[PDB]
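Asks: Sequence plus experimental coordinates follow:
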Amino acid sequence: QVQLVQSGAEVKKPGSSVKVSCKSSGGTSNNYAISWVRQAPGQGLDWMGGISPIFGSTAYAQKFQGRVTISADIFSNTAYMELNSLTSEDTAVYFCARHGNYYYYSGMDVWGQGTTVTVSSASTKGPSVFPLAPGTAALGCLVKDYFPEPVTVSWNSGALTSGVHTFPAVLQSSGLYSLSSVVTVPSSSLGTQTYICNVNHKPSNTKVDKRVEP
Amino acid sequence: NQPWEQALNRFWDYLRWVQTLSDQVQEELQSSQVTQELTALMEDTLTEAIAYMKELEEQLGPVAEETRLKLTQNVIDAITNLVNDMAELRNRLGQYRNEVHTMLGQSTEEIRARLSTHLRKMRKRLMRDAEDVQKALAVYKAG
Amino acid sequence: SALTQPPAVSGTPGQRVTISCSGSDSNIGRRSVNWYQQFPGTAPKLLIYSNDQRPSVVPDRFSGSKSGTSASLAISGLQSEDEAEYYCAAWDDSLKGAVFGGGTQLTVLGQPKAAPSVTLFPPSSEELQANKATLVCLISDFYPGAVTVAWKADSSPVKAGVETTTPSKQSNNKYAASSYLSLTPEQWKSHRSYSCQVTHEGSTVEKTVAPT
């Protein structure tokens, strides 16, 4: 039950560097080879490099050799990948994977959860919450022009969950995100039930409670 | 053959000096100096050992791929067991520093004995693991 | 990206399907091929190693083979749980590094088609007080996930200020998408109406909203 656990999500500006870590819990991975594989959103897997510290072998892919630096602390059972000169083209998910032996030929059978690295020129911006007013009716609220992901949208402080549909946010051309949360309710409750949409954006520390009225 | 074992002997000498529990080692245990000095000593030991193993593999004869892979894996597993015990020793020395910091400066005269018994058992198992590392290295010089 | 896979592969439940992986003399000609399976939003799982070996947890429904420059994965007894992406990987000596394939999206047929449900929201009063206008078009519960969205000003197609997502699977294994049309209040008030026109499997659903 050895598990690879990676560091949290990263939001960087173009030109900076990122350092992702990979810790072995419940056992040691020093006798194996740890490789870093990245996946752009919607694209396939891309091998960046790897390291087996006890065998003393750090190999890099030719695309990233000038930018990536892979290292390991054996006493803390941790591997590290540092990617420099970040551009928008480097937003991806970075997995660390452990091979079956001390080298990179064998298959990668133990994987970490992945680290999301988002490189963008957009600065942190709190969301704007607007009510979308209404057999059955459809009300909701629009969360507009926020960065970065994510935002959490609840209804009636979590008490209302039946009929809720929060659409995946869209990344607009300006670099900001927007999503919508729609509740399909019986048209009778419109007369009696109060509907409040609660939006929470932790990156900007923005809490909004918008009441949606006909 | 000799260089990595000489580094291991320097590591043994440092381990004896730290398990003497002198007041110098008791003031250096709180400055984290002994931790990083021990770290550098065992790092040199491991680098010498893996260099010797890599040279042995470099002069491996007409070997089958799977057998060479398995022999290298044996040596690497021995070395990584040594590394595991070493890291446990290092982390527990740091924990001893931070748990004599629990009274912020002064240490009793029996927590020293408990730490000393832990260090002695650690030294014995480290000797066993290092000597089986040397045995795996000797087995590597075959085939 | 030195290995080549077909991007899409389909099959009915119970059928046996295959994923091909063609390489060169430097990646598959001399090294063994591994196969990984990846579900949406999760880490890849090792499915095949050494071209024919299965991990203990991988069922025998998955098999592998390697012939010269090519490799092949075979999924028999196809189930709905197998809808995923499959990557073949190898080591290239010419590149001196690990290489993957483009990934094959294995989809399982059998789910009936569903027309999309569309909801169109005009800009709120508060957003208009903020000198902004945003028309929101929410499309949900359609299969397969391939819709085309267009926006109209009373007759005319308008493509400026349109932000449309790509369809994503829901919990009920149908798809959803969004489209946002951004307008200044003068544009929203000058035109008579605005229309969100979705097209799915050839059939068109049109919603319209007007000022007030």
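Replies: That came in fine, so what should we check first? Numbering: from 1, shown residues only, chains lettered A, B, ... in the order given.

Asks: partner residues bridging residue A:24?
Replies: Beta-bridge pairing for residue A:24 (DSSP bridges): residue A:4.

Asks: who's in contact with it?
Replies: A:2-4, A:77-78 (CB atoms under 8 Å, 6 or more residues apart in numbering or on different chains). No exception for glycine: its C-beta is placed from N, CA and C like everyone else's.

Asks: Now with 10 Å, please.
Replies: A:2-5, A:30, A:32, A:34, A:76-79, A:96, A:98, A:110, A:112 (CB atoms under 10 Å, 6 or more residues apart in numbering or on different chains).

Asks: For chain C, see how far away it is.
Replies: Shown here: residue A:24 relative to chain C, a distance of 15 Å by CB to the nearest CB, to the nearest Å.

Asks: Check whether stretch C:108-121 comes near chain A.
Replies: Yes - Stretch C:108-121 reaches chain A (CB under 10 Å from any CB of the partner chain) through C:117, C:119-121.

Asks: what number of residues lie near residue C:18?
Replies: 15 (other CB atoms under 10 Å in any protein chain shown).

Asks: Which secondary structure state does it sit in?
Replies: Of the three states, residue C:18 takes strand according to DSSP: H, G, I helix; E, B strand; the rest coil.

Asks: The closest residue to chain A within chain C - nearest residue in space that isn't next to it in sequence?
Replies: Relative to chain A, the nearest point of chain C is residue C:49 (3.4 Å; CB to the nearest CB). The shortest distance from residue C:49 to any non-neighbouring residue, by CB to CB, 6 or more residues apart in numbering or on different chains, is to residue A:107 (3.4 Å).

Asks: hmm, stretch C:23-31 in reach of chain A?
Replies: Yes - using CB under 10 Å from any CB, stretch C:23-31 reaches chain A at residue C:31.

Asks: First-to-last residue distance for that stretch?
Replies: 11 Å (CA to CA, to the nearest Å).

Asks: Now that stretch: buried residues?
Replies: Under the neighbour-count criterion of 16 or more other CB atoms under 10 Å in any protein chain shown, stretch C:23-31 has C:23-24, C:26-28, C:31 buried.

Asks: related to what we said a few turns ago, most neighbours, which of the residues of stretch C:108-121 next to chain A?
Replies: Neighbour max across the residues of stretch C:108-121 next to chain A (other CB under 10 Å) = residue C:121, 25 neighbours.

Asks: if I pick it, what's in contact with it?
Replies: Taking CB under 10 Å, 6+ apart as the test, what residue C:121 contacts is A:130-134, A:138-142, A:180, A:182, C:134-138, C:196, C:207, C:209.

Asks: Narrow those residues to those in strands?
Replies: A:130-132, A:138-142, A:180, A:182, C:134-138, C:196, C:207, C:209 (DSSP state E).

Asks: What remains of these if I keep only buried residues?
Replies: The neighbour count (16+ other CB under 10 Å) marks A:130-132, A:138-142, A:180, A:182, C:134-138, C:196, C:207, C:209 as buried among these.

Asks: element containing the residue nearest the centre of chain B, please.
Replies: Centroid check for chain B by CA atoms, centre = their mean gives residue B:86 as the closest residue, at 4.2 Å. Element membership for residue B:86, per DSSP states H and E: helix B:65-100.

Asks: Check whether that helix comes near chain C.
Replies: No - judged by CB under 10 Å from any CB, helix B:65-100 and chain C are separated, with a smallest distance of 11.0 Å.

Asks: Can you give the domain ranges for chain C?
Replies: C:1-110, C:111-212 (CATH domains of a matching chain).

Asks: Now do the first one: distance from first to last residue.
Replies: Pointing back at domain C:1-110 there. 32 Å.

Asks: how far does it sit from the chain's center?
Replies: Between the centre of domain C:1-110 and the centre of its chain there are 18 Å (CA atoms, centre = their mean, to the nearest Å).

Asks: first vs last residue of stretch C:70-79, how far apart are they?
Replies: End-to-end distance of stretch C:70-79: 26 Å, with CA to CA as the criterion.

Asks: And that stretch, what's buried?
Replies: Buried residues in stretch C:70-79 (16+ other CB under 10 Å): C:70-73, C:75, C:78.

Asks: count of residues packed around residue C:193?
Replies: 13.
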